[PDB]
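Listed next as structure tokens is one chain, alone, in the form deposited in one PDB entry.
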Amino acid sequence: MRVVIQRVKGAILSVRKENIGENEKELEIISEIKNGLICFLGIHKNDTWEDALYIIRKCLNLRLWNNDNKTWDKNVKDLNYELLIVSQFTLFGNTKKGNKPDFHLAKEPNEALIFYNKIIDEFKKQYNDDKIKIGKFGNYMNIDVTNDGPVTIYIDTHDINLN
């Protein structure tokens, strides 16, 4: 499993509508957060629940905010901050083959959706259901973000010696 985590002052997420006509507004705002983390999440074809549990534990525990004087002191839960979780199969874009990315390592969409929904539910259980916001799996999205730092963290659970 792969994730890019970014520290933000805020984020507004909109999604492309299913029902689109000519001469119409096509994107609709579905999620908004203030301070916290945006997590772009990619599910690998061979991911297990243990991969997901590692990512969730890490995201919730990363100490990415300063306190009064102390550097890298507080995690997202400590400050009652929010998380915006966005499904992102492009993290499996293989860029070694030339200029056209291929995404064959990404978990197949039907199982990935179920997996994604389990992950969101687990984020809500481990933290606070009011603090977890999501996009719309499988849809084009627009995200207006204020990056704070910036602070960008990348985790691939396959780089980890997980059992």
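All residue numbers refer to positions in the sequence shown, first residue = 1. Definition used throughout: the rigid core is the maximal C-alpha set that superposes within 1.5 Å between two forms. Only residues modelled in both forms are compared.
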In at least one third of the other PDB entries compared, is residue 152 left unmodelled?
no
Does residue 16 go missing in at least one third of the other entries compared here?
no
Could you check the entry and say whether 104-112 or 46-54 has the higher mean CA B-factor?
104-112
Read off the CA B-factors in the entry, average them over 65-73 and over 120-128, and name the higher stretch.
65-73
Highest Cα B-factor in the PDB entry belongs to which of 152, 14, 147, 23?
23
Quick check for you: using the entry's CA B-factors within this chain, is residue 157 in the lowest, middle or highest third?
middle
Place residue 98 in the lowest, middle or highest third of its chain's C-alpha B-factors, as listed in the PDB entry.
highest
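Unshown form deposited in another entry; subsequent notes refer to it.
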Core fitted between the shown form and the other one: which of 26, 111, 50, 129 shows a C-alpha shift of 2 angstroms or more?
26
Rigid core superposed, CA of residue 16 - does it shift 2 Å or more between the shown form and the other one?
yes
Okay, core lined up, where does the chain shift between the shown form and the other one, counting runs of 3 or more residues with each Cα at least 2 Å away?
16-27
